[PDB]
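A.B. asks: I would like the atomic coordinates for the input below:
(chains A and B, ligands or ions: 1)
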Amino acid sequence: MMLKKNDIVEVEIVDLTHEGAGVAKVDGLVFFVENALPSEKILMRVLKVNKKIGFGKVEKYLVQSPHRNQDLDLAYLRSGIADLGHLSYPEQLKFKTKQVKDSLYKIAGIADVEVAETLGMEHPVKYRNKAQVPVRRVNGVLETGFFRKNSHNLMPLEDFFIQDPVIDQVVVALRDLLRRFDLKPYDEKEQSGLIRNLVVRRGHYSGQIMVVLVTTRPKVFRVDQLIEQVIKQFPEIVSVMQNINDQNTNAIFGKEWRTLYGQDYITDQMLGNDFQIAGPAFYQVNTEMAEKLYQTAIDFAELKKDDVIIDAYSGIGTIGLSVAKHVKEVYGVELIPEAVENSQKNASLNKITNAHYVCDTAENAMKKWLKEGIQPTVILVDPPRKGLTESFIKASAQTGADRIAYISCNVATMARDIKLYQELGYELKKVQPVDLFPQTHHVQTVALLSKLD
RNA sequence: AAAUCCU
Ligand SMILES: Nc1ncnc2c1ncn2[C@@H]1O[C@H](CSCC[C@H](N)C(=O)O)[C@@H](O)[C@H]1O
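C.D. replies: Numbering: from 1, shown residues only, chains lettered A, B, ... in the order given. Take a look at the structure below.
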């Protein structure tokens, strides 16, 4: 047969993609059906027929999965912020464990290495310490909410499910004040309006709140009066920042940062020590599981008093300063000035005078450290989704480091980079996934690579 | 490809 647009066909889902979309096969075409779990009988409406693949919609459910979550509140967030909410939490952990095993095989050619089960939350809800929230006009009303997948169409929402309840109350309180003061929301198509987004970071243990008003222009009309109101409702707001982003882009922040009130940072704890976090600086969104993520990497590293650690992709120096008292030297690198400046202050704040940072790209610092004659025994790395470059992997091999711990939020690039480490004499010993992002497709992973000879 | 969604 020859399928085409708006044809209803009975199919069976036999797999999930890494992003969470159901996979079905009909006449040599791999169809990707949204909101469809494995072993489900459905009438699939064909959306777009392609050369080798296809795309579909569930027109009717004939048989649903035993592992389906019927929660109506999570179903609203499926095409968006909680794209594995419709799968039950035990199976999310099995799914993410499978993704690490499948990716290490398909990319790296590895089938005989320990990938233990994913360490999940006891209560997998209300976890995010940061929350980026766009502001838009919906039916002539200023609304805070979330975009649907593959769009900038704002779905208004108050209860975010996966975010801190206090952050939800702050963004709802900010929404009301933007309505009250009559500040115009940013229209993306028209290129009109002031208030683009709202970023609200809140410490997991401390509870100290930052607010960032992302805007098109520098001038915000009656902002000091608007700031004065949120302090009465939420005294824990130690800082209110302003970011200016005049360009038309999917990216949130522009260049110019300003301090409208109080500090230019919040303070929050991880493990024993305290850490100052700036607005543009990175902070692990799930502090509870990030502590378990670090403690896995720290135990995997098998640290000694005479070890020399490299914490590449430092951020605010959470991993490095957590182990600096238990080792001889700690060397870190971080591209963003605001993050590495926190990192230096965090070392001083916790009486750590052996944490030596540099502001550069990771590959550049490794070339310098290799040239100037540093002798690192352990290499801890925690890059973004894109992962490591070939320069860094080759340079880090030439240092003659005993162990390398790879923390990642994208197994695809991790499996690619591990494949190159195997070519330069580093065997992959252990792997341990940790669920930093419940109710979503994203998988955090730690991986001990140990050297031969 | 840049951060939970944010083509
Ligand atoms: N080429 C590069 N070299 C070094 N750092 C980079 C980089 N590209 C991005 N980064 C930075 O690396 C950081 C990754 S997140 C840092 C994780 C941190 N150690 C923690 O666990 O808290 C970000 O702050 C990002 O700005």
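A.B. asks: Run through the helices of the stretch 151-300 of chain A in chain order.
C.D. replies: Assigned by DSSP state H, counting those that start in this stretch, the helices in the stretch 151-300 of chain A fall at A:165-180, A:223-233, A:287-301.
A.B. asks: I'd like to know which of those is closest to residue A:90.
C.D. replies: Residue A:90 lies closest to helix A:287-301 among the helices of the stretch 151-300 of chain A, at 16.4 Å (CB to CB). (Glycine included, C-beta is placed from N, CA and C.)
A.B. asks: mind giving me the domain split of chain A?
C.D. replies: Domain ranges of chain A: A:1-80, A:81-127+A:284-453, A:128-283, per curated CATH domains.
A.B. asks: what's the most buried one of those?
C.D. replies: domain A:81-127+A:284-453 (a mean of 19; mean count of other CB atoms under 10 Å).
A.B. asks: wait, does that one contact the ligand?
C.D. replies: Yes: against the ligand, domain A:81-127+A:284-453 shows contacts by CB under 6 Å from any ligand atom at A:284, A:313-315, A:318-319, A:333-336, A:339, A:361-362, A:382, A:384.
A.B. asks: sorry, back to before: let me have the helices of the stretch 151-300 of chain A in a markdown table, extended by distance to residue A:7.
C.D. replies: Shown next, in a markdown table, are the helices of the stretch 151-300 of chain A (distance: least, CB to CB, whole Å):
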| stretch | distance to residue A:7 |
| --- | --- |
| helix A:165-180 | 42 |
| helix A:223-233 | 53 |
| helix A:287-301 | 44 |
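A.B. asks: In chain A, where's the longest strand?
C.D. replies: strand A:53-63 (DSSP state E).
A.B. asks: how close does residue A:377 get to residue A:335?
C.D. replies: Using CB to CB, to the nearest Å, residue A:377 is found at 24 Å from residue A:335.
A.B. asks: Is stretch A:188-197 in proximity to RNA strand B?
C.D. replies: No: using CB under 7 Å from any atom of the strand, stretch A:188-197 never reaches RNA strand B; the gap is at least 7.7 Å.
A.B. asks: Can you dump the C-alpha atoms of that stretch in CSV for me?
C.D. replies: Extracted in CSV, the C-alpha atoms of stretch A:188-197 (Å, rounded to 0.1, in the frame of the first residue of the first chain):
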residue,chain,number,x,y,z
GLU,A,188,7.2,37.8,19.0
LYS,A,189,5.6,38.1,15.5
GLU,A,190,4.9,41.9,15.8
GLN,A,191,8.2,42.7,17.5
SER,A,192,6.4,44.9,20.0
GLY,A,193,6.2,44.9,23.8
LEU,A,194,8.6,45.0,26.8
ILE,A,195,8.4,41.9,29.0
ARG,A,196,9.9,38.9,27.2
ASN,A,197,10.6,36.3,29.9
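A.B. asks: about what we covered before: who touches the longest strand of chain A?
C.D. replies: A:3, A:8, A:10-11, A:24, A:26, A:29-36, A:40-48 (CB atoms under 8 Å, 6 or more residues apart in numbering).
A.B. asks: give the contact list for the closest residue to residue A:207 other than its chain neighbours.
C.D. replies: Distances taken as CB to CB, 6 or more residues apart in numbering place residue A:236 nearest to residue A:207, at 5.4 Å, with adjacent residues excluded. The contact partners of residue A:236, by CB under 8 Å, 6+ apart, come to A:166, A:202, A:207-209.
A.B. asks: Please flag which of the residues you listed sit within strands.
C.D. replies: Those of the contacts of residue A:236 lying in strands (DSSP E): A:202, A:209.
A.B. asks: Report the two of the contacts of residue A:236 separated the most.
C.D. replies: Between any two of these (CB to CB), the greatest distance is 10.9 Å, for A:166 and A:208.
A.B. asks: right, so of the helices of the stretch 151-300 of chain A, which gets closest to RNA strand B?
C.D. replies: Checking the helices of the stretch 151-300 of chain A against RNA strand B by CB to the nearest atom of the strand gives helix A:165-180 as the closest, at 9.6 Å.
A.B. asks: which other helices and strands contact that closest one?
C.D. replies: Contact partners of helix A:165-180 among helices and strands, from 3 or more CB pairs under 8 Å, 6 or more residues apart in numbering; DSSP states H and E: strand A:132-137, strand A:142-147, strand A:195-202, strand A:209-215, helix A:223-233.
A.B. asks: Please see if that helix touches RNA strand B.
C.D. replies: No: under the criterion of CB under 7 Å from any atom of the strand, RNA strand B is not reached by helix A:165-180; the shortest gap measures 9.6 Å.
A.B. asks: Not counting that helix itself, show me its contacts.
C.D. replies: Counting by CB under 8 Å, 6+ apart, A:126, A:128-129, A:131, A:133, A:135, A:141-144, A:158-160, A:185, A:195, A:198, A:200, A:202, A:207, A:209, A:211, A:226, A:229-230, A:233-234, A:236-237 sit against helix A:165-180.
A.B. asks: Try it again at 6 Å.
C.D. replies: Applying CB atoms under 6 Å, 6 or more residues apart in numbering, the external contacts of helix A:165-180 come out as A:126, A:131, A:133, A:142, A:144, A:158, A:160, A:195, A:198, A:200, A:202, A:226, A:229, A:233-234.
A.B. asks: how distant is it from the center of its chain?
C.D. replies: 23 Å (CA atoms, centre = their mean, to the nearest Å).
A.B. asks: tell me the angle it makes with strand A:195-202.
C.D. replies: 150 degrees (axes from the mean of the first three to the mean of the last three CA atoms, to 10 degrees).
A.B. asks: Can you dump the C-alpha atoms of helix A:165-180 in CSV for me?
C.D. replies: Taking Å, rounded to 0.1, in the frame of the first residue of the first chain, the C-alpha atoms of helix A:165-180 are listed here in CSV:
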residue,chain,number,x,y,z
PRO,A,165,6.0,25.5,44.7
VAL,A,166,7.4,28.8,45.9
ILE,A,167,8.7,29.5,42.4
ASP,A,168,5.2,28.9,41.0
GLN,A,169,3.8,31.4,43.6
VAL,A,170,6.5,34.0,42.6
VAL,A,171,5.9,33.8,38.8
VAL,A,172,2.1,34.0,39.5
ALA,A,173,2.7,37.0,41.8
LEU,A,174,4.9,38.6,39.1
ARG,A,175,2.2,37.9,36.5
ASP,A,176,-0.4,39.8,38.6
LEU,A,177,1.9,42.8,39.1
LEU,A,178,2.7,42.9,35.3
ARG,A,179,-1.1,43.1,34.7
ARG,A,180,-1.6,45.6,37.5
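A.B. asks: Next, the angle from that helix to strand A:142-147.
C.D. replies: Counting by the same axes, to 10 degrees, helix A:165-180 points 140 degrees away from the direction of strand A:142-147.
A.B. asks: Spit out the contact partners of residue A:19.
C.D. replies: residue A:441.
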